[PDB]
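Here's the structure, in structure tokens; my notes come after.
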Amino acid sequence: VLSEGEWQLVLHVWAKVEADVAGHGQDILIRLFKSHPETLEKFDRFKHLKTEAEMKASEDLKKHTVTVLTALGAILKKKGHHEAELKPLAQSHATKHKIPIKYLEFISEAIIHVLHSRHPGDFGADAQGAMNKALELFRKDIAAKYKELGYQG
Ligand code: HEM
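Numbered as in PDB author numbering, the sequence shown ends at 2153 without a single skipped number.
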């Protein structure tokens, strides 16, 4: 369970993401695909993309990243009270997309990397610790739902 102080550190950096969610989204998914290329294979819609330049140029990818970060932002804003938000997300990611917990760890790494790079003013050590805790909570709660849904993860 995160403290209110920890949630405020999470939300204060998220406020900066929201200046330009699309640009942050592109950076995060591209970082994921670069660091862990196997993750790209889960996206039938995007797996044809060969290079960072192609990824950056894809309007379709950009739009998807906005969807992803907006969904995550809505979860974070619930400050742990995210049961309603996690239900549809866990179901689609377990049963339609088949995304293991390991891959959610990878995207968490990418989020932390991009925030660390872009936002040193709001992503010092304590703030990064808080974001790590928030993403760990998200992954733990998704993992529990995965199990309930019949997916090993
Ligand atoms: C922060 C974690 C993530 C969030 C918040 C998130 C959110 C979303 C949302 C909102 C959608 C559209 C609605 C839906 O199908 O549920 C989506 C679709 C999808 N997600 Fe995720 N996602 C996350 C992580 C991942 C990861 C790590 C992968 C793969 C490695 C992945 C694979 C997919 C795929 C393949 C789709 C369908 C794309 C399409 O063909 O339109 N997701 N995601």
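Positions of the beta carbon are idealized from the N, C-alpha and C atoms, including for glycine.
Collapsed DSSP secondary structure at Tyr2151 in the structure displayed | coil
Whose CA, out of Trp2007, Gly2005, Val2001, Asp2020, lies closest to the CA of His2119?
-> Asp2020
Do you know whose CA, among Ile2030, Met2131, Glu2083, lies nearest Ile2142's CA?
-> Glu2083
Would you call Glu2006 buried or exposed, if buried means 16 or more other Cβ atoms sit within 10 Å of its Cβ?
-> buried
My understanding is that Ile2107 touches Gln2128, with C-beta atoms under 8 angstroms, so please give their C-beta distance in whole angstroms.
-> Actually they are not in contact, since the Cβ atoms of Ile2107 and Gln2128 sit about 16 angstroms apart, beyond 8 angstroms.
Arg2031 beta carbon near the ligand HEM (any heavy atom closer than 7 angstroms) | no
Please state whether DSSP places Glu2059 in a helix, a strand or coil.
-> helix
Report yes if the C-beta distance between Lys2062 and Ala2022 is below 8 angstroms; otherwise report no.
-> yes
Under a Cβ-count criterion, where at least 16 other Cβ atoms within 10 Å of its own Cβ denotes burial, should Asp2027 be classed as buried or exposed?
-> buried
To the nearest whole angstrom, what separates the beta carbons of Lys2047 and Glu2041, a pair I think is in contact under 8 angstroms?
-> 6 angstroms
Just the Cα atoms here: how many angstroms apart are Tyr2103 and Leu2049?
-> 19 angstroms
Where are the alpha helix (DSSP H) runs, 4 residues long or more, that stay fully inside the region 2006-2043, in chain order?
-> 2021-2035
Nearest-angstrom Cα separation, counted from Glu2018 out to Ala2071 | 12 angstroms
Looking at the structure shown, is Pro2120 part of a helix, part of a strand, or coil, going by DSSP?
-> coil
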